[PDB]
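Q: Sequence first, structure after, both from an experimental entry:
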Amino acid sequence: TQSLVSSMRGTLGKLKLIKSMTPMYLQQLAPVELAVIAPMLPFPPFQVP
Amino acid sequence: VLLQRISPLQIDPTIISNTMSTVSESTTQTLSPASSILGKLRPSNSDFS
Amino acid sequence: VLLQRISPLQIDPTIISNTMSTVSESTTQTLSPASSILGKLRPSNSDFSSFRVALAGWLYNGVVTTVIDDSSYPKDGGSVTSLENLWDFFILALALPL
Amino acid sequence: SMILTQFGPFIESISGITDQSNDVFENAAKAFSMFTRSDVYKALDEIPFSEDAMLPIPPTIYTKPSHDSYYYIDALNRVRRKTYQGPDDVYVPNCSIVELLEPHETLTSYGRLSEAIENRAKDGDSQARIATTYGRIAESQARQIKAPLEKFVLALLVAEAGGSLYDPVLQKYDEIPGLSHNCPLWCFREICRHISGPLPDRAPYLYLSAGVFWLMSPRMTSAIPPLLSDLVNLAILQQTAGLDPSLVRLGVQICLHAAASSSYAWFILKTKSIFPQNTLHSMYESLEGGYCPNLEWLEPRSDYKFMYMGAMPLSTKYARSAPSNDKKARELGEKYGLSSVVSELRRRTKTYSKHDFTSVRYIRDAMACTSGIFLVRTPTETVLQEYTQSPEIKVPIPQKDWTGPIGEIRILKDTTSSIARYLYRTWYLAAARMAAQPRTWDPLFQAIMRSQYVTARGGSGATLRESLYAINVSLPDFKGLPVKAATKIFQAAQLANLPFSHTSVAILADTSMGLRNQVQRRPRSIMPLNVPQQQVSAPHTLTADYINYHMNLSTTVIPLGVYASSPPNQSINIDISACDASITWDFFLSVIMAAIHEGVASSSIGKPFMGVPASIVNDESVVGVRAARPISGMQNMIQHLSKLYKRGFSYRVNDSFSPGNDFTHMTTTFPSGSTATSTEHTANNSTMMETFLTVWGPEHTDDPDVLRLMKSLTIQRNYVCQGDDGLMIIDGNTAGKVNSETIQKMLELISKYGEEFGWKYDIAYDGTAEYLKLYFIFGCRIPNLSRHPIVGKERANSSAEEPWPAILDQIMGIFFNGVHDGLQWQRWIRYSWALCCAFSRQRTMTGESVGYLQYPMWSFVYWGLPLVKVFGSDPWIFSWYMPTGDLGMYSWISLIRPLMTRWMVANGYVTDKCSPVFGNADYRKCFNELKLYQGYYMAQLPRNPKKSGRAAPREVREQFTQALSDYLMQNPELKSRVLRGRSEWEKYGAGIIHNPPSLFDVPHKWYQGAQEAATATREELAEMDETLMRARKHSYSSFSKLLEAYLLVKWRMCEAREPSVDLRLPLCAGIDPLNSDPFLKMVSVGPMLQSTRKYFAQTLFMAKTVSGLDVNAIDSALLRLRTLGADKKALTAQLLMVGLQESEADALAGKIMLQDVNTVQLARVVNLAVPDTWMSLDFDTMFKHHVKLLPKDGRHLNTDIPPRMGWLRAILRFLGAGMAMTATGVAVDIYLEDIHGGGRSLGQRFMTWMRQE
Amino acid sequence: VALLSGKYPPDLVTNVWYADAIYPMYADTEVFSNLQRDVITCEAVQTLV
Amino acid sequence: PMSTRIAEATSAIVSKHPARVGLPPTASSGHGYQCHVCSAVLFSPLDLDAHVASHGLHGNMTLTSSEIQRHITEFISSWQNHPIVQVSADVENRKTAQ
Amino acid sequence: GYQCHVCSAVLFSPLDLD
Amino acid sequence: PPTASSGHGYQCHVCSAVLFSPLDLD
Ligand SMILES: [Zn+2]
Ligand SMILES: [Zn+2]
């Protein structure tokens, strides 16, 4: 009716605006770690595009 | 398990509960969009691997 | 402790709780601004000596610079969507000019 | 067969064949009281054994020499014993008890210590005093058991004669081997037969409650009464802890070699670590597979929050890289002639190579078989052995590094080459930041400091009042009070109105002794202190509390070691031996008192502490100048405390076990029961580990590996310690486990650090974690079964023990210690049935009239023993994670309620009146017949009651209570606020509860707390008997208001919760797919994962949860006045009767009118409580997510609750979760069915009961 | 849940953290002992044909 | 020896044969061969015991052995349904180690 | 003999149950 | 419909459990 609708809107907007750090980590720290790890690895990478 | 020991990123699912506790829910209406999340987002065997 | 005996005002123990009864809410809600106030600020008369130290620190600013402790800040940078951090912003915006 | 002739229905009644009823319960209890020791020893002759229990017994036990060569007389007429093999050989010999004995007057075959030898020893003869010393210490060793000895093995035979049982979940018969197989019953039987011999009487000794009666057999030795306790302990554990034959046989062999030795308890000490060293300390040493928990630290390293991120496999890299154990353990087995046992244990340990359930069960089975006696010696041996230790300091503080005296304190210099400057820095900054707090000058904080140490366990003013008479001060003795003079409350009421300068030389008095026996350890000698000495040591406790809470903060239990034992994360266990004796005035207490006396100087410059005025002492701290400098209060307390720390302590020793021994001698050991002991030891442990890792480590190493390791370790992130000891977590790096050679080099460097300044680190490094005596390997909890014996109870004094209703109180504790440990419930809970049935009848001895006493079975189920079959139900139907009390009772009767109602018409109890709970049946003619109502209210009756109250005259009683009020409350603002709160509470809120928690209860509460240990003799025991008789002869008509209030609601269980953890992971020893119920419940709900000591602290609403009175009662009173009405001034006044500044009480009352309370805290309006059986398991997620309202069928209109009085949701949470946990099998999602009254009727009935609590 | 709830340490510096974490990996030198196995594998297939 | 007994306990708790096959479903080859209230077929033990329980009325629900075993089968079915333990191994197999 | 689902009263004939 | 009543029968041949009615027994 009304209050469930507005509460769902607010829950969704708040969940959009959670203080999360995992996307920034995947954006700019974890590829450096994968590039450091990957030559010290017994099975080398094997990638199709 | 090698990436877990090099990643500075940690996983704290109390962040989602602490940011959940700001949404306003009436005790009246039967659907709780806040508590559905906290019942759902706990994974199956509670593994994060 | 020396200004403690000179100053006429003491704390009125019941201004805060005699307020917030003019405005109220439905009990159906789970959030409460008045009990948010009474869980946020605790008067307890231990506030009072710290206020008197803050008032006495105006005499000595060349050697002592009185600042606000980091524990008064909302530990996250806060969030506008939280009434908790809204009250934190209110408290800090009152307390900073002194 | 003979036992079967009388226990036909009962053995099958408890084994799940027929249901348990009151009839066979009471007939069996008639049989349980009717016995004789010959009737018990027909049984062990009757059962034939299968020869796998049979093994040779050496004949050297029965023939032992005389005891005259073992004791001698010191030059001060002290009776001490002669050591032959080391100075640790100071214990009870095993020899020759038949000769110093006189027979009983009507028990012609049983006897007693001779009265003639006692009289000749009270004269002061040499040999008579030696003989009565040996006799009384043999009595005191023989006494250390809970109940008489044969009663346990009788309950064993009654329970375990049923044969193998049927597991309902696994659908198979268990292969727990029968009673005909076990070694310890065979050894028990044969030793009793050979000790009896030609005698017609067959028991080796008889246990009266004061002292034991012996048997006049010429082959009797004193090692027999601890041996029979060990053998009945192994026989009771093998049936119910799922042991093998072989480890039990090895433990029985070690007990036989213990009796063959020259001293029994000495051998049990010296071989206390064969079983852990060969199995636990040397485990797996090459592996290939398994599973281990993957815990992960939550980043703020003071909060101790954890995350279970799943299971993870193992590999060859995670094999045990700890150093070897072979040569030391083989030498330990070789030195005492136990090489076969250590070779067998090592041979079986080297077989296992996979981390799963069976290896962990093997470790638990090996840990369970160490002897479970309590080691006992005379108190003169304790005081003359353990107090003569003293630390050696190889690098002392040089004499140039101290300045001149300030009063009687010297200051450590700044230009100091010694290591003590870091201790000086830490304790300085801690004292300054403590004294700068405005919390420390709170008079409520001063009042709770004075309320902290005057506890009921307070003694030894026994020369203080004589010394105060020796300094000519007039003390009131308060003649005419039923208090004892030894209590600290009476002493503080003596010292209430006296200035500090008069009681200043009260500090240098002595202290008497307190003894406590322990499992497999030297007996702990706890000691009190008197009132001015515990008052004057207040900065010494405040500064250490500031260290442990704000600066270093190690910790103020299980999941810490589950993290630290996980196989990429090694752990080093750090024990400090003789940690009380190893802190003296030479190093520690000198630099401690100097740093506290210097650090408190600034922020408290003229103002005095409680009672202690300011003073002045002269100083020579600069070599050129000499002056007199004014001294504040806390500095003055350090000045007075330093004299006592420099002098050392004298102990007033009086033992009852040996006449003629009375002495005092000085010592330098730190006192065990002070007000600053554990916090002080944690602070010093943390500080020395810190200054180790940051200074002394890098100054003495060349290896870049050890240096790189010690740079990364710090006490804030990787070191947790409690009391004296702790462990150190070593994190696993990227390449796997850290190299063990560098860790070994740092370890042998820690030992060199300890041997410099006095300490002696006991360091074990084996790939496991010990922490607060809990042993964890690879993140798996292992209970030590030998730590909790079933048979023995600690007794220190020779005084006679308690009356009847306390020996029955201790057995719920026995069952709950069985719950916390891992036991096969199939025969364990059935043993609990036979035992608790066996303890139920008493035979009182009142004059000329015959009276009997018996608790019904429903009382025992009300206390927490869940049933097997109820009224035609399925066998083995209930779990022991049920709540105790009304919540439990409700839940498991609600699980069966339709089938129980349908059983009511079997043997028809039919009534027209249709109730919502039962309907067709009546419940009175069933339940008052079966004594369910009488047993329900009889379980509710208070145990161990007593009231002496010996006619206190009103004047001196009032003077005692007024002086106690004057000592507890000095500051009259506390008096003003509590009289104001009392007046406002009787104005506004009184009438609905008529029972306030107030501060003036505490003078009265301490007054009767003095007489909580008066142990008056006859009249109130007969009064207890009369109350139990009238409560038995009654016939009630219902349950209480709580349970009838609960009976209206209904629930429904389905859809079977998803598993919290992996099923293949070994998480705890003794739970597995063989143990269906507790392991299945553990996998259903998951373990705790929280520190759970901050969880309960977050619950309680008090600002620091310190009152001296029952903070649960204050929170309950606030919540009960919240839910019933009661205008906010009632809650303000209720807080002011605990004592606040009239403002924060008003603010907190306006708060608590409005905010939503947590689920666990709302038990207080209805007096519920989480049972301690749920402490290992998680509950919080089950409350938040798996017991929910508003069911899957939608609304039913017996599901709505108004927005006002919404606390019923939180109590219905407890209700549904109890209903989940009482059922066997997994925890199950439960939704809320109809409640038949509505939220209106439930709220009205709840308020109706809360009218009168 | 790991995408939504991630956090860094409250005071971290990435070069110090990575220079701490990465060094034990390159302390190990196993990766040079695989290339000789590669030598013997290629020599084996060519001498087989 | 113990490992046989604990292995039998594992096989008792984990295997009620709900094991999944790849076939077209046929009216003959069903796990519910003869459900003993009405003789139908439902192809799975969880639906079969739900069929046995649902014909009983929900005020007459008493815990018994079959009522426990339904929750056991549902629990083990969801646990085997989880994918990380669908594809897992504790030990090597001479190929992964190589 | 048959029984009811609310209040669990057991009776004998099905019409009496109704 | 509900069917079970107060019966006269017991003794399951396995598990040694005797109980209320033959309709619960089978
Ligand atoms: Zn059917
Ligand atoms: Zn009905």
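A: Here it is on my side, so go on. Numbers count the residues shown, from 1 in each chain, chains lettered A, B, ... in the order given. Ligands and ions are numbered 1, 2, ... in the order given.
Q: For burial, what's the neighbour tally of residue D:46?
A: Neighbourhood size, residue D:46 [other C-beta atoms under 10 Å in any protein chain shown]: 12. The way it works is simple: take the backbone N, C-alpha and C, and place the C-beta from them, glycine included.
Q: quick one: contacts of stretch E:11-25?
A: Contacts to stretch E:11-25, defined as C-beta atoms under 8 Å, 6 or more residues apart in numbering or on different chains, come from residues A:29, A:32, A:36, A:37, A:40, B:5, B:6, B:8, D:712, D:733, D:734, D:735.
Q: Using PDB, write out the CA atom coordinates for it.
A: Output in PDB follows, covering the C-alpha atoms of stretch E:11-25 (Å, rounded to 0.1, in the frame of the first residue of the first chain):
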ATOM      1  CA  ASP E  11      45.200   2.300   9.500                       C
ATOM      2  CA  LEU E  12      47.000   0.500   6.700                       C
ATOM      3  CA  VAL E  13      49.700   1.500   4.200                       C
ATOM      4  CA  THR E  14      49.800  -0.700   1.200                       C
ATOM      5  CA  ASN E  15      53.500  -0.800   0.500                       C
ATOM      6  CA  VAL E  16      54.400  -1.700   4.000                       C
ATOM      7  CA  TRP E  17      51.600  -4.300   4.100                       C
ATOM      8  CA  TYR E  18      52.600  -5.900   0.800                       C
ATOM      9  CA  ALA E  19      56.300  -5.800   1.600                       C
ATOM     10  CA  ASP E  20      55.400  -7.700   4.700                       C
ATOM     11  CA  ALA E  21      53.200 -10.200   3.100                       C
ATOM     12  CA  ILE E  22      54.900 -11.000  -0.200                       C
ATOM     13  CA  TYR E  23      58.500 -11.800   1.100                       C
ATOM     14  CA  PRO E  24      57.900 -15.400   2.400                       C
ATOM     15  CA  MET E  25      56.700 -16.400  -1.100                       C
END
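Q: on that earlier part again, filter the contacts of stretch E:11-25 down to the buried ones.
A: Among those, those buried by neighbour count (16 or more other C-beta atoms under 10 Å in any protein chain shown) are A:29, A:36, A:40, B:5, B:6, B:8, D:733, D:734, D:735.
Q: Let me know the secondary structure of residue D:772.
A: Classification of residue D:772 using DSSP: H, G, I helix; E, B strand; the rest coil returns coil.
Q: which one is it nearest to, not counting chain neighbours?
A: Nearest non-adjacent residue to residue D:772, counting by C-beta to C-beta, 6 or more residues apart in numbering or on different chains: residue D:557, 5.4 Å away.
Q: Ok, residue D:404 next?
A: Residue D:404's closest residue in space is residue D:620 (C-beta to C-beta, 6+ apart), at 3.8 Å.
Q: now do residue D:516
A: residue D:524 (4.4 Å).
Q: Tell me how many other residues crowd the one you found.
A: Neighbour number of residue D:524 under other C-beta under 10 Å is 15.
Q: near chain A, anything from stretch D:728-737?
A: No: using C-beta under 8 Å from any C-beta of the partner chain, stretch D:728-737 never reaches chain A; the gap is at least 8.9 Å.
Q: what separates the residue in the stretch 351-500 of chain D positioned nearest to chain G from residue D:715, distance-wise?
A: The stretch 351-500 of chain D approaches chain G most closely through residue D:357 (41.9 Å), counting by C-beta to the nearest C-beta. Residue D:357 is 36 Å from residue D:715, where distance means C-beta to C-beta, to the nearest Å.
Q: List the contacts of the helix or strand encompassing residue D:727.
A: In the assignment (DSSP states H and E), residue D:727 maps to strand D:725-729. Strand D:725-729 is contacted from outside by D:554, D:561, D:563-564, D:569, D:571-576, D:685, D:689, D:713, D:718-721, D:769-771, using C-beta under 8 Å, 6+ apart.
Q: wait, what's in contact with the closest residue to residue D:498 other than its chain neighbours?
A: Nearest residue to residue D:498, sequence neighbours excluded (C-beta to C-beta, 6+ apart): residue D:473, at 6.9 Å. Contact partners of residue D:473, counting by C-beta under 8 Å, 6+ apart, are D:498, D:502, D:503.
Q: now swap in residue B:49 and tell me
A: Contact analysis of residue B:49 by C-beta under 8 Å, 6+ apart lists D:294, D:309, D:310, D:312, F:84.
Q: For the stretch 951-1100 of chain D, which residue gets nearest to ligand 1?
A: Nearest residue of the stretch 951-1100 of chain D to ligand 1, counting by C-beta to the ion: residue D:1054, 18.6 Å away.
Q: Check chain E too.
A: Closest point on chain E to ligand 1, by C-beta to the ion, is residue E:1, at 41.4 Å.
Q: follow-up on the earlier one: what residues are bridge-paired with the residue of the stretch 951-1100 of chain D closest to ligand 1?
A: Counting by DSSP bridges, residue D:1054 forms beta bridges with residue D:1229.
Q: any idea which helix is longest in chain A?
A: For chain A, the longest helix by residue count, based on DSSP state H, is helix A:3-16.
Q: Whether that helix contacts chain D - can you check?
A: No: applying C-beta under 8 Å from any C-beta, one finds helix A:3-16 separated from chain D by no less than 13.6 Å.
Q: downstream neighbour of that helix in the secondary structure list?
A: Next helix or strand after helix A:3-16 toward the C-terminus (DSSP H and E): helix A:22-28.
Q: Tell me if that following helix is near chain E.
A: Yes: using C-beta under 8 Å from any C-beta, helix A:22-28 reaches chain E at A:22, A:23, A:25.
Q: on that earlier part again, what residues are up against the residue of the stretch 951-1100 of chain D closest to ligand 1?
A: Going by C-beta under 8 Å, 6+ apart, the list of residues near residue D:1054 reads D:1228, D:1229, D:1231.
Q: For residue F:76, state which of those residues is nearest.
A: Of all the contacts of residue D:1054, residue F:76 sits closest to residue D:1228, with 14.2 Å by C-beta to C-beta.
Q: Give me the nearest residue to that closest one, chain neighbours excluded.
A: Using C-beta to C-beta, 6+ apart, the closest residue to residue D:1228 is residue D:1053 (4.3 Å).
Q: quick one on the thing from earlier: mind listing which of the buried ones among the contacts of stretch E:11-25 are in helices?
A: Filtering those for membership in helices, criterion DSSP H, returns residue A:36.
Q: of the buried ones among the contacts of stretch E:11-25, closest to residue D:288?
A: For the buried ones among the contacts of stretch E:11-25, the nearest to residue D:288 is residue D:735 (20.3 Å; C-beta to C-beta).
Q: Which helix or which strand is home to the nearest residue in space to that closest one that is not next to it in sequence?
A: Among residues not flanking residue D:735 along the chain, residue E:24 sits closest, at 4.0 Å (C-beta to C-beta, 6+ apart). Assigned by DSSP H and E, residue E:24 falls within helix E:23-27.
Q: Could you identify the helix or strand that succeeds that helix?
A: That would be, after helix E:23-27 and using DSSP H and E, helix E:35-48.
Q: For that following helix, name the packing helices and strands.
A: Applying 3 or more C-beta pairs under 8 Å, 6 or more residues apart in numbering or on different chains; DSSP states H and E, one finds that helix E:35-48 contacts no other helix or strand.
Q: tell me how far it is from the chain's mean position?
A: Chain-centre distance of helix E:35-48: 24 Å, with C-alpha atoms, centre = their mean, to the nearest Å.
Q: sorry, back to before: can you tell me which residues contact the residue of chain E closest to ligand 1?
A: Neighbour list for residue E:1: B:11, B:13, B:16, B:41, B:42, B:43, B:48 [criterion: C-beta under 8 Å, 6+ apart].
Q: again with residue D:247
A: Applying C-beta under 8 Å, 6+ apart, the residues near residue D:247 are D:365, D:366, D:368, D:369.
Q: Just those residues: which are in helices?
A: Counting by DSSP H, the contacts of residue D:247 contribute D:365, D:366 to helices.
Q: of the contacts of residue D:247, buried ones?
A: With burial judged by 16+ other C-beta under 10 Å, the buried subset of the contacts of residue D:247 is D:365, D:366, D:368, D:369.
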